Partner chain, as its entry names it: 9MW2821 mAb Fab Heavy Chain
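The chain below stands alone and is given as structure tokens, in the form solved without the partner chain.
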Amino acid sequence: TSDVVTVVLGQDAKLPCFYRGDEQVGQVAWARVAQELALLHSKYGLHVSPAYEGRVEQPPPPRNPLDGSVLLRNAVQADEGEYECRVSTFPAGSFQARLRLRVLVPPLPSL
């Protein structure tokens, strides 16, 4: 996993957040670095900010109980910045993974 994600404008960007351990995962919250983006619940599955409706997907099943990675669909310029996943872990562990999201605009055509 790389800490910086760069995508072309309008394509979908994966925000990877997978945990190495010895404890299993409870909830993985996703946010921009102050305002909620999504929630991958252990018991309850995926919850998404209405502001991000239809824009948040998980990876295709069968899947990992400890992969908290999400896909942000159809990237725009407004989307770029840094993002934190907060992983509530057992027993008291908290892991926050921050990554930077880069959205690239193509240059003018030659043709």
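Residue numbers count along the first chain shown, from 1.
The same protein also exists as the form solved in complex with the partner chain; that form is not shown, yet it is the one meant from here on.
Using a 4.5 angstroms limit between non-hydrogen atoms, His47 touches the partner chain in the entry with it bound. Although the partner is absent from this view, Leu66 stays clear of the partner chain in the entry with it bound, with no non-hydrogen atom inside 4.5 angstroms.
Within this chain, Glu36 lines the site of the partner chain in the entry with it bound, having a heavy atom no more than 4.5 Å away. In the entry with it bound, the partner chain lies within 4.5 angstroms of a heavy atom of only one residue of 61-99, namely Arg86.
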